[PDB]
Every structure is written in C-alpha cells, then in structure tokens.
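Structure, as structure tokens:
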Amino acid sequence: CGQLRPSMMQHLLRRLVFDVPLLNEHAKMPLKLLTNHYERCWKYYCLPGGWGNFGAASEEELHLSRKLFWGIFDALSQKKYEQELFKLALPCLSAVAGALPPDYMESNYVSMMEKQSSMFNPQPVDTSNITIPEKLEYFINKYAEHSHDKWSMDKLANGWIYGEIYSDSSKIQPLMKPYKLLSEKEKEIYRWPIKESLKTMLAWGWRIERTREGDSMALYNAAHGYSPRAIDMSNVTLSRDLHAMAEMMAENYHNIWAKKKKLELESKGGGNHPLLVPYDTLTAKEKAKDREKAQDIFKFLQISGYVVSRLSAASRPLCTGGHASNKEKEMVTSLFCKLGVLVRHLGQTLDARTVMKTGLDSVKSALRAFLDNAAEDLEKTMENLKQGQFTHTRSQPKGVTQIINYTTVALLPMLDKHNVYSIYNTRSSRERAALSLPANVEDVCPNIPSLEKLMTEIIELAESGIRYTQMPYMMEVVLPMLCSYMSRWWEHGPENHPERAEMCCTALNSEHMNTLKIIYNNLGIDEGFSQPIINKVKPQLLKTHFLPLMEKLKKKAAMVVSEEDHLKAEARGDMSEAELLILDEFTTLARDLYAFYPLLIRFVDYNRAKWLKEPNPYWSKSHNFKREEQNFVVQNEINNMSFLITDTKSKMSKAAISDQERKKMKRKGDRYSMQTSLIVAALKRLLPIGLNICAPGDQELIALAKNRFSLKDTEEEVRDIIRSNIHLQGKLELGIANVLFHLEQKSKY
Amino acid sequence: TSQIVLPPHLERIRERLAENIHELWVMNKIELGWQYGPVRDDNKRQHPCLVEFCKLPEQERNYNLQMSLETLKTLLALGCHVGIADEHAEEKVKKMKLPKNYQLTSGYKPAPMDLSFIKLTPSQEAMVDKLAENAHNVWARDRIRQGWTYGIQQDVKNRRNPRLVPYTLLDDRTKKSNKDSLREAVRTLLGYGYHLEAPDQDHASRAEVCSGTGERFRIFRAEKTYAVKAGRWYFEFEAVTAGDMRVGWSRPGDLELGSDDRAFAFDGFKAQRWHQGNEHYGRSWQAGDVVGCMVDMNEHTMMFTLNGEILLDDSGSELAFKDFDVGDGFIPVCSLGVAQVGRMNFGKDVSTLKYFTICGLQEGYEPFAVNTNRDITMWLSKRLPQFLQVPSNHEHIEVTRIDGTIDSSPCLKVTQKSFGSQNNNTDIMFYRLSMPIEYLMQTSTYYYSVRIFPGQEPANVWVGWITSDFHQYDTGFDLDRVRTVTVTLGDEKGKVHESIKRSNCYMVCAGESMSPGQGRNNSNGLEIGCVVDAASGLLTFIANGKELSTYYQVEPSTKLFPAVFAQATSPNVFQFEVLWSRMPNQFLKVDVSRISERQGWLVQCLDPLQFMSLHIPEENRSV
C-alpha cells in the first residue's frame, strides 16, 4: 500500500509505449498484477484522466496487455464501496464507439462484461491577442500590498531593516515603502505573474462571482505606520472546481517553464535536463513545491470571494446511463438492420457477436437496474431486442446463443405497456407455425431446418420467453386464445409422439392457467365481445373432466409411463393463481393427488432413477410417507448386509450401484426435506406418532452413514455430475446433500 | 401554496374556462332548489348568489374572476403540466357533450354535460385534497386576521370554530359539501377534455417515506458484574414494531451497535448481522417474534433460534459467529430505533418463556436469570450529557503536563498540552478538564488561564463561564441564551422593589467584535483569570480589555471545573496553560404503583420510597 500516490504504472506505461526492451515485457506484468491489489481505489486521482486522454489519443495499438490490465482492475474493483463513475463514463463510451473497426483475433475481444462499469503540449493556449478587461481597482492593490508586506517581513526575519541608502554590506533595504510610492520595475515584477494568471483564466472563459458577502480582505486577527502581520489562510477547505482550476494553472506554469528551459537549452547549443517529467511521475522534492504553489494559489483566490465556475428529471434529458442505453439500442438496431439487409437477400459477424454480448447484458442484477433506470421506453426496447433476437435465430446460427437468449428472456417476468407498441406479431406467427409440434414435423418450415428450428432449442426457449408467474404483461387478446388452443391440442393427444432427440417436450409452456372437444372456436365465431374464458364454468368443467385422467393414471412401464406422468404434471400444474384460496376443496383435492402420485410412482422398485430429471415439489399422506421410508430403509439395510460379504465384481459395477443409490437418496430426500416442515409442524403440538415413525428412519440413516467408504467416494462424483443444485434449505418454505438443515431439524426432535 | 405568478399568455382560454365554469355553478345553484330574491333573507329561501350574469353585481363577478385566477395559478404552479389538449365544446368545436343531458325548470336552463365514464385517476383526488387544504388555509388566515368566532384576549363569542387546524381538527364528515362540490368540479374538468398526472405515485419519487438521522439512540444493557464464563443461557425478545432492532451480546469495556468487534448484534430489518462489516445472515421477523440469542463458551459458537427455527446464512452455516475471544464475558444487549417498542424476557419463570420447550429443554439450555432470587437490573444509554469525564485517551489527544514555573516565569503557570485534532473532526464539542494543581494595592488573585490562539476565528469561538447544570448539547446554540429568566419578587401592590434578575445556563459572552482594530499575533488579553476579593455576584472573566455591559449579577456558589466552548476542524487552537452520551445508566428498580380512577383522575401512592446520594470529598458528589 502506498502513502499518497504511486509512480509505478506511469513508468510501466512509459516503458511499454516504446519497444526498446526485447522479450522483457514479461517482467513487469506480474509486477502490475501484484501492485494493483496493494493500492486502493482512492489513490486514482490523476491516473484516470491520463488513461482517458491516452485512450482518446489512440484506441487501437500493439499493447494487448492493456485490456487485460483494465479487465483485471475492473473485476477487482467490485467492492462494497461502490465508487461513482465520475470520469469513467467517457473512456468506456469511447472504447464502445471505437471497438467496431477491430476484427476478431485473440480472446482479448470476448470478455466485454467489464464494459460500462457493469451498468506533450508545449503550447496549450495562446494569449498573444488577449486583452485583460479593466475590472480591477482594489483587490489587486490589496493583494500586491499583502505580497509586499510578506516579502518585507521575510527580509526582516533574515536581518534586513528599512533605511535610506542601499548597502549590501550593512544589510540595508530601502524598499520598505508603501506600494503607492514603490518603484515601477518592482511593481511590474510583482504584477507580471498575477497578470499572466488573470490572462490565462480569462482566456478559457468562465463565470466570475462578485458576491458582497465575500469581502474578507481584513477579517483575520515601522516607518509610515508599517506593521506587517502573518495570516494563516491555508486551513480553509476549498471546492473541487477551484482545485481543478489551480491544477490547470500549475500545468500551464510548468509547460511555460519547460518551454523556457527548452529555449535556453537550444540557445546554448547543447545540454539536457531530467526535469521533463509529468505530474504523476514527479517525486516528493518537487511535490512539496507543487503543494506550496497550490496552497499559495488557493490563498490568493480565497480572498474577496472570487470563485471560478463553469435539465428535466428523466433519463433522456440529463442521465448518462439512460443516454448510454438509448445509444446502445441505436447501434444494435442499426447493426441488426445492416445484417438483415446485406446478409439476408469477415469481421462483421465478430462485431455483431461483440455488440450482442455487450448490448444484451450489461449488469448481472438486470432486474433492479431496469426498475431503477426507466419505465416507459424499457418495455419497447426489450420488445425490440426480443424481436431482433427472434429474427436472427430464424436463420442458421453459427455460435451458441442459447444462454444469452435465456438470460434475456428471464427478465420478462421481472407493468409493461403493451398497448402502445404491439411487438407480439412475430411470436404469434411463430406459435401459429408451431401450433402442433408432433404434427408439424415436415418441410413446412423454410429452408428445411433439421436443427435450427425443429429441435429442442425452441422448446427450451419458449419456457423462458413465456413466463408471467409474477404479473401478466401481455395484451390479453391472442395469448389466452393460444393457451386454449395448446390446452385443447394436448387434451386431444394423450401421448407425446415427438420427433428424434425430443423426449423432453414437457418443458414447453410455463403459463398453463385459466384465462391466460373444446368449443372455443364456436364461441369466438359467435362473439366475433366477452371471451368464453371469462366465465368460471369452463375451467371448472375442464378440471372435472380431467380429474379421472390422473385418477386412473398408473402404469408399470419405464419411459412411456414416466413421460406421460411428466406431461400430466405439466398440463395440470399447481400454479392455479386464479383464486387458489377460494377453491379450498379443489386445492385440497389437488394437494392430495400430488401427494399420492409420488407414492404410487415410488411403489415400484425403480432401479433406474434417471427418468425424472427434476420432479415438481395429512395423516394418511404422512403414514404413507413413513411406510415408504421404512420400506426403503429396510431395503437399504438388506443391500448393506448383502454387500458386507460375498464381494462383487470389479469397481465399475459397484460404482454404478453406488451412483444409482445416491441418485435415489437425493430424489427421496428432496421430498423428505419438502415435507419435513409439515411433519415438524404436525408433531410440535400433540402428535408423537410422527416422531415415533421418524425415529427408525433416523436410526437407519445414522447406521448407514456410520461406516461407509464407497458411498463417500461416489458422493463427490455424483455431485460433480449433477451440476444442477436446488438449495431449498434457505428458502424455508447436487440438489441435496447428506447433511443439511433437514437433517438438523430431524435430529433436533 | 404560493410559488410563482401565472404568466399573461393563456388569458383567452383562462377567461373562456372561467366564464363557462361560472355559468356551470350558477345553473347548479339555480337547480339546487332555491329561488332568486331581490333582498337577502334565509327565511324566504332566497339567495343572492342565484342571479344571472346579466344582473350580477360587479363585486361578485370580480371576486369570482379573482378566485378562478388564483385556483388556476395554483394548479398551474403545483408542478403538473396543464397545457391545452382537447378544445372545449363551446364556439370552437361541437362534440355533442352539451345536449347530452337536458333539464327543464321555471326559468332559463341550458343543457349541461356530465361525463362520468372516464376512469377516476388519483390525480383528481390529489387535486381535490389540495384545493380543500388551500380553502381551509385561507379560511383560517381570514379568521386569524379578523378574529371572528373565537377569542383569546377578547372572547367576543363562544363556540370556537374547529377550522383553525386544516387537517386534524377538521373531519371529512363536516366538510362533505365542499368535498362533493370539488368532486363535481374535477369531474366536469375531466369531461371538458383535460389530461392530468398524479405526482404522488411510483413513477416519480416526489414523496419521502423516512426522515431522520443517527440521533436518539438508546442501548439497553445489563450489569457488568453479570457476565458469564461458561454454560448456555437463553432469553427471549418479543419484537412488537418492526424496525432497527440490533440484538446480540455485548462485551463490557453514541457509538452504533456492532460498528466494531466489542459487541455482537443481529437484526432482521435488513436481514443481516453486524460484526466489523456487513454480512448477510438470517431472515426478517414479524410482529410478536423472538430472536433467542444463544451462547456456548465451551466451543465458542453463536446461534439464533427464531420462533424455534435456527436461522442460516447464504453459506448454509449454523454458526453465526466463530473464533472469537472469550474476554471478560458477555451480557445481553438490545437496540431500539425511533418509535420502536421492545419486550425483554430474561427467563424469570419457565412459564413466562414461550419458545423454550421447543428448543431449550432438549438441547440442555437454561434461562439467563433462572437462578437469581432478586429482580434483574438493567441499564440504558443516558441521553442527557454530563461533564463528569476527563479525556484520557482520544483520537488526537496527547495531554502531558509540563511544569516550568521555577525561576523562569514567562506566563506564571507555564504548562503545555496538545489538545488539537488532525483532520476531519468537527462536531461542535465542549471541553472540560480537571485541576490537579485582603491584600493592599492588589487587583486580583488566581492568575491562571487556559491558553487559546484567536488568530483564526473559524466560527466565532465563544468564551465565558459555565454553570453546574448544562443539558443543551445541540449544534445550534448562542442564539437565544435559553431564556432570560427574570424574577420580580416584591410586594407588587403599588411599587416593585428588589426585582433581582436571574440567569439560565448561559454565562458565555458572544465576543463577536471587541474592537475594529484587527491586532496581529495571538496574545490580546484572552480570558485573563481574575477573581474579586469580595463576593458580590460579579466575576471578571473576559477576553477583551473594554467593558461592554456584561455584568451578569447572580447568586454565589457557582465555581467549578473550567469549561470553554469552541468549534473548528484542525487548527491546533486549544492548549492548556468532552460531552458523551454512551455511558450506561439505570433509571429505577423499586418504581411505585399508581392507581387512576374515572371522574376525578385521583392518583394514590401509599408506599414511601427513600434513597441516598454520595459523600465523596471536595464536597460535591451526588450520582
């Protein structure tokens, strides 16, 4: 950790900007990587300004390590302080603007997630024809008098006194006279720096404050009444704008001094000086002088109250984030139009990939950012992005765009004004073209797509695209009719009848609900006002007609029974948000059915547990669960005592058996942890039967885990294979592990 | 509600709107049921307001125009855009609105309009409420100016109007008539084709839900001698109102709870813990919920049982705090925010505890105060500041007494002590430090003083004396001198005599400007220590060489330890040549029982109480 400011990265940049070292660039990148973490974010005062200036001067260069350093610094800057962007908004915008011309090479153009913060000059100015206005009458005289008093007091501290005849041997200074009678040469010498500073400040052009409350010329506590005093006015904190003005004045002074040094070196015909050094590379010896000059400037400008100074409440008017989002939407729309015009009748695909990786995703917490960013144009921009993504996925995709599309579609549930802009026409057309997936397996789709459209990708994308669990946001015009059409089609076809490599067609719709052999077409023809789904008689009739289907749904098959059960669970999901609490009897019947179905499913041995990837989570139900747990514990104990002796074949079979047992244990423990809260709530008041039934299960679980090694080594590989994790212990309302909150609750008793 | 003045640009539309709405009110008055009368009399069912525009007096029309202008200016200057969107259906456009409904009476009656099929936006309700508040305010100020229907020093008549307070003293039942009139007016404005927006919504954050700071914070703590070293102790804290309630265990030895490692706390308002930073753990509670802080010195694990359920963090760890030093034990600690009520339960009885059989008995837990026969005693943070503290160790205090009065006597006392700060320290504090240190042709004795350097004067540092009781720790001070409490004791029959004036806790001179000389250096005769030989109620403690009528005659017995007032950032101005409020304090333990009864408000206390004070030397101790 540094003290006040580092001077390492400036030297590293000055060495990397030229190619004097050969094969030596590898001896400073580890130094930069190690020193980045040592220094805090508060040590970057002038470094971001120089970085932005150098980026604006040159965007594309041969220094490929700069983006790596930038990415490392930005990834390591995501701390709890949450520092403001301030001056960071300009370099990121410049890099976004200039990133299009670069082509595709290296991985240096992939990690764009850090963009947008996850949300010499010898003659700087010319004053050859600048005239200082005559607005000075008193303050300059007061400043000159104060400077003369300070200089004469300093000369008096050395041992000089006022006299009549100048004599260096006797140390007599006759200059101790008022400014009204001082020499013209001394007055001009004292006035020249002040005049130059005034001209420089008036050259750029800034507002001048002349408030009457700032008259602090005389507020602090010899011959011709000469009584000099010392004033300490450096203890007053000053604004940042005046600090920047003083920094600019110091920069101009240093540039002028460097120009004078260059002129005096050229006049001599030879020589050099090592003082041609930027501010961020300066050492403490000159830093003390710079701080003294800054303090003197602050004291000079503080007197008499001279302060140098340089929309609608909406994202469009003044907010930088809203401007950046609108611009990014503009470039992505322009690129989409260009691709749809040129490609559809080299580095273009590369820049398209970069702008869809950067434009679509800007922050991991996209929901909160969208909520706190905008509410009017957010919906239409999201709809335009979805339409562009759908049009681009209509053709053949080269790269894998599934994850980004899923992330974009997951933001729809977490209202939007769909009446202003209707961008659902493309989705309705796609739904009409795919009105019957088991029946439309032909060349009806354009260009005969074997995997572009007729695959599981669209089925998986439809789950994320259609999701209104929180609150509906559609126009409620064609979506309820399409939902009714899909429900009627699934009612007509009891089986799946899918294509090849499309066994998981259950995960197709996530909004199967009322008003969200049917006579919907006849009702629409007769009305074409009130939709038939408005009446509650139709959903009740449909539920009553459907109930015998899963009442009599019981088969001993392996895959067809499992897929039929999955289809029945999906088409009869429990998310009946349409007054769930009102239909108490229907809710109780649904809960009883959804609790008795897993019991009948697990009644079989089920040596294979890979059929159900993720199953959907009273006294009779508790008794059935306890009986099933006791039976499975007895089976596991029997397997344990059978495997204790009579050693089996090679480790492949044992590993497979252990993996199957671990999968079965996880599948059973999911429901066990789901029902543990209900069992505990039942047994807390007056029920000892639940504890008396769970005690043999806990004893069997403890005995099974008391001494086991094959299960111990196979648990790691089972967890590694099953990358999907539920982690429902923290909800309190490798999916599961051997020891979690459920085990602690069971052992608490 | 008076922000700006309506610009003269919409005069034509303003006049047309005012004319047609005035016509609307006078037809409404005509159809109300009354009749026009040449004279004013309520007994004849005649009202002067039921006069057509052709015969209306000039004063009434001028008043109508003025109130219409004021209302339009108010609704324009509130902040919502009131620009013209749809033209009114009068002499410009015809949209069948006027002849929609027609009524016939005994006289002229055109066909009015009533559009109620539009959605009633909350902006209309906000407009109605604002107009009602403005009407109540102008009525209240009109009553104030003329003193009608009430009296303080006059009592002209009884039955005071409840219209003085525009919001609380007025109920919607009494103001049903003007509320209905305002509702009709805004409905007709909606029917005219005018669009309005509601600022008090989620679209714009124009409303503030919380207003406060880190002030009025009370920490409830137990005895320092009740610290524990081993075993498991359980206690329940029933939360009534959700809010800032940091509950945990504190280690003995102003400051926010959990800022550093001295104490541990947990809160569900943000559902995260406080220990040397922010860490997500646990969940929010609700009304009537317990926390159940656990301690186990055997293995140094801390856990919380919310209603019998162990709270877990995002990492799935059952231990809230791990690897902490035992120290000198831990004691229960609670925090109460603004307008928040708690309920402690140390475990006096088993039946008093609610969630104890669920988790306590099985795991082998005992209540914190199950063995104590006497009543438990608890402390709380003292809001009233006290001066009984000497600053020993601070952030930038390096006090060191140096004595050099022998032989060389430049300033008699000859003492130096660094009391200045370093950087970023300005919270207006008052300093106080301990003192372990007739004659002819004499002036004064006790030539001692506290050195200062009045060469900067950042905020006009005040100097003066201090009384024994100072309980006015506020940022703003020296603007009212509390109160100039005067006593006019005497016969008070025909002459006032011996009217001795008293003083409050204000013995500090302003010292704004002693003289317009602006002397150099820093020594200008500052707070010279002078005491009169004979006590007469006057003491010579001034920082200037001239008298400016600051006698301040008071009674004797006021001398105590020195204290001065100052405010700066870091000028190292204070040298020798603090008020705290984090100190624990207990109120009472033997509080009496009082009984109140209806029709008399009788209060009875038949149980006497007694307690004593201290007798420490120097003849001043009572805490």
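Identifiers in the structure tokens: chain A, B, ... in order shown; residue index from 1 per chain; ligand index from 1 in order shown.
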| message | At a cut-off of 7 Å, which residues of chain B touch chain A? Count only C-alpha atoms and give the answer as a PyMOL selection string. | response | chain B and resi 312+455-456+518-520
Put those residues in a file: C-alpha atoms, as a PDB file, in the first residue's frame.
```
ATOM      1  CA  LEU B 312     -28.965 -19.746   8.475  1.00  0.00           C
ATOM      2  CA  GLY B 455      -5.782  34.373  15.229  1.00  0.00           C
ATOM      3  CA  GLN B 456      -8.154  32.344  13.042  1.00  0.00           C
ATOM      4  CA  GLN B 518      -7.526  43.721  13.936  1.00  0.00           C
ATOM      5  CA  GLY B 519      -4.386  43.303  16.004  1.00  0.00           C
ATOM      6  CA  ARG B 520      -1.636  40.952  14.890  1.00  0.00           C
TER       7      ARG B 520
END
```
| field | Residue contacts of residue 112 of chain A (10 Å, only C-alpha atoms) excluding same-chain residues fewer than 6 positions away, as a list in words | value |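 Residues meeting the cut-off are residues 67, 71, 96, 118, 354, 355, 357, 358, 359, 361 and 362 of chain A.
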Could the residues in this selection be saved with N, CA and C atoms as a PDB file, in the first residue's frame?
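Output (part_34.pdb):
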```pdb
ATOM      1  N   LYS A  67      -5.837  -4.146 -22.198  1.00  0.00           N
ATOM      2  CA  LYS A  67      -7.202  -4.588 -21.933  1.00  0.00           C
ATOM      3  C   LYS A  67      -7.233  -5.639 -20.830  1.00  0.00           C
ATOM      4  N   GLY A  71      -9.397  -5.133 -17.538  1.00  0.00           N
ATOM      5  CA  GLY A  71     -10.367  -6.112 -17.082  1.00  0.00           C
ATOM      6  C   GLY A  71     -10.080  -6.609 -15.680  1.00  0.00           C
ATOM      7  N   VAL A  96     -16.379   1.843 -26.612  1.00  0.00           N
ATOM      8  CA  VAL A  96     -17.544   1.264 -27.276  1.00  0.00           C
ATOM      9  C   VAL A  96     -17.654   1.786 -28.703  1.00  0.00           C
ATOM     10  N   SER A 118     -20.162  -2.338 -15.459  1.00  0.00           N
ATOM     11  CA  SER A 118     -21.255  -3.254 -15.114  1.00  0.00           C
ATOM     12  C   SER A 118     -22.561  -2.500 -14.868  1.00  0.00           C
ATOM     13  N   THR A 354     -19.802  -9.289 -30.647  1.00  0.00           N
ATOM     14  CA  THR A 354     -19.373  -8.427 -29.548  1.00  0.00           C
ATOM     15  C   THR A 354     -20.499  -7.505 -29.094  1.00  0.00           C
ATOM     16  N   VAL A 355     -21.240  -6.921 -30.039  1.00  0.00           N
ATOM     17  CA  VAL A 355     -22.297  -5.993 -29.650  1.00  0.00           C
ATOM     18  C   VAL A 355     -23.537  -6.706 -29.123  1.00  0.00           C
ATOM     19  N   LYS A 357     -23.154  -9.536 -27.229  1.00  0.00           N
ATOM     20  CA  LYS A 357     -22.694  -9.900 -25.894  1.00  0.00           C
ATOM     21  C   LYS A 357     -22.677  -8.695 -24.963  1.00  0.00           C
ATOM     22  N   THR A 358     -22.380  -7.508 -25.493  1.00  0.00           N
ATOM     23  CA  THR A 358     -22.330  -6.299 -24.680  1.00  0.00           C
ATOM     24  C   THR A 358     -23.680  -5.594 -24.596  1.00  0.00           C
ATOM     25  N   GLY A 359     -24.406  -5.509 -25.713  1.00  0.00           N
ATOM     26  CA  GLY A 359     -25.668  -4.787 -25.710  1.00  0.00           C
ATOM     27  C   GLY A 359     -26.756  -5.471 -24.904  1.00  0.00           C
ATOM     28  N   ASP A 361     -26.546  -7.890 -22.410  1.00  0.00           N
ATOM     29  CA  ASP A 361     -26.234  -7.989 -20.990  1.00  0.00           C
ATOM     30  C   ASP A 361     -25.279  -6.871 -20.598  1.00  0.00           C
ATOM     31  N   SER A 362     -25.662  -6.104 -19.581  1.00  0.00           N
ATOM     32  CA  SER A 362     -24.827  -5.042 -19.043  1.00  0.00           C
ATOM     33  C   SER A 362     -24.580  -5.160 -17.549  1.00  0.00           C
TER      34      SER A 362
END
```
List the neighbours of residue 67 of chain B out to 12 Å using only C-alpha atoms; skip same-chain residues closer than 4 positions along the sequence, and give me the result as an mmCIF file with N, CA, C and O atoms, in the first residue's frame.
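After the write, selection.cif holds the following:
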```cif
data_model
loop_
_atom_site.group_PDB
_atom_site.id
_atom_site.type_symbol
_atom_site.label_atom_id
_atom_site.label_comp_id
_atom_site.auth_asym_id
_atom_site.auth_seq_id
_atom_site.Cartn_x
_atom_site.Cartn_y
_atom_site.Cartn_z
ATOM 1 N N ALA B 18 -63.154 30.233 -17.292
ATOM 2 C CA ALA B 18 -63.772 30.844 -16.122
ATOM 3 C C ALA B 18 -65.230 31.192 -16.384
ATOM 4 O O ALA B 18 -66.095 30.946 -15.536
ATOM 5 N N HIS B 22 -68.250 29.348 -14.418
ATOM 6 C CA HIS B 22 -69.118 30.194 -13.606
ATOM 7 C C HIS B 22 -70.575 30.019 -14.009
ATOM 8 O O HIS B 22 -71.468 29.978 -13.149
ATOM 9 N N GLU B 60 -69.311 40.783 -7.028
ATOM 10 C CA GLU B 60 -69.385 39.327 -7.065
ATOM 11 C C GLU B 60 -68.649 38.764 -8.276
ATOM 12 O O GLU B 60 -67.936 37.761 -8.163
ATOM 13 N N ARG B 61 -68.810 39.398 -9.441
ATOM 14 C CA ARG B 61 -68.112 38.937 -10.637
ATOM 15 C C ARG B 61 -66.605 39.107 -10.495
ATOM 16 O O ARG B 61 -65.832 38.241 -10.925
ATOM 17 N N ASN B 62 -66.164 40.216 -9.895
ATOM 18 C CA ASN B 62 -64.736 40.419 -9.675
ATOM 19 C C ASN B 62 -64.169 39.373 -8.720
ATOM 20 O O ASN B 62 -63.070 38.853 -8.938
ATOM 21 N N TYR B 63 -64.910 39.052 -7.655
ATOM 22 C CA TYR B 63 -64.461 38.028 -6.710
ATOM 23 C C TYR B 63 -64.412 36.648 -7.362
ATOM 24 O O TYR B 63 -63.483 35.869 -7.118
ATOM 25 N N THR B 71 -57.105 29.909 -8.294
ATOM 26 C CA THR B 71 -57.134 28.453 -8.392
ATOM 27 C C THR B 71 -56.368 27.963 -9.613
ATOM 28 O O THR B 71 -55.613 26.983 -9.528
ATOM 29 N N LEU B 72 -56.546 28.628 -10.760
ATOM 30 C CA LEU B 72 -55.828 28.221 -11.963
ATOM 31 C C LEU B 72 -54.326 28.427 -11.808
ATOM 32 O O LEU B 72 -53.534 27.582 -12.238
ATOM 33 N N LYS B 73 -53.918 29.533 -11.179
ATOM 34 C CA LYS B 73 -52.498 29.757 -10.926
ATOM 35 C C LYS B 73 -51.931 28.698 -9.991
ATOM 36 O O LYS B 73 -50.807 28.225 -10.190
ATOM 37 N N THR B 74 -52.696 28.307 -8.968
ATOM 38 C CA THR B 74 -52.229 27.280 -8.041
ATOM 39 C C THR B 74 -52.052 25.940 -8.744
ATOM 40 O O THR B 74 -51.023 25.271 -8.580
ATOM 41 N N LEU B 131 -56.991 21.435 -3.036
ATOM 42 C CA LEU B 131 -57.909 22.570 -3.057
ATOM 43 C C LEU B 131 -58.627 22.725 -1.722
ATOM 44 O O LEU B 131 -58.824 23.849 -1.245
ATOM 45 N N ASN B 134 -56.150 24.232 0.668
ATOM 46 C CA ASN B 134 -55.978 25.654 0.387
ATOM 47 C C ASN B 134 -57.165 26.465 0.897
ATOM 48 O O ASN B 134 -56.988 27.555 1.456
ATOM 49 N N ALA B 135 -58.382 25.948 0.708
ATOM 50 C CA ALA B 135 -59.568 26.636 1.207
ATOM 51 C C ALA B 135 -59.561 26.711 2.728
ATOM 52 O O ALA B 135 -59.898 27.750 3.310
ATOM 53 N N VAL B 138 -56.912 29.387 3.731
ATOM 54 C CA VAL B 138 -57.337 30.770 3.543
ATOM 55 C C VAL B 138 -58.456 31.127 4.517
ATOM 56 O O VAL B 138 -58.510 32.258 5.014
#
```
| request: Go through segment 136-194 of chain B and collect every residue that DSSP, computed from the backbone, puts in helix (DSSP H, G or I); the answer should be as an MDAnalysis selection string. | output: chainID B and resid 136:146 176:191
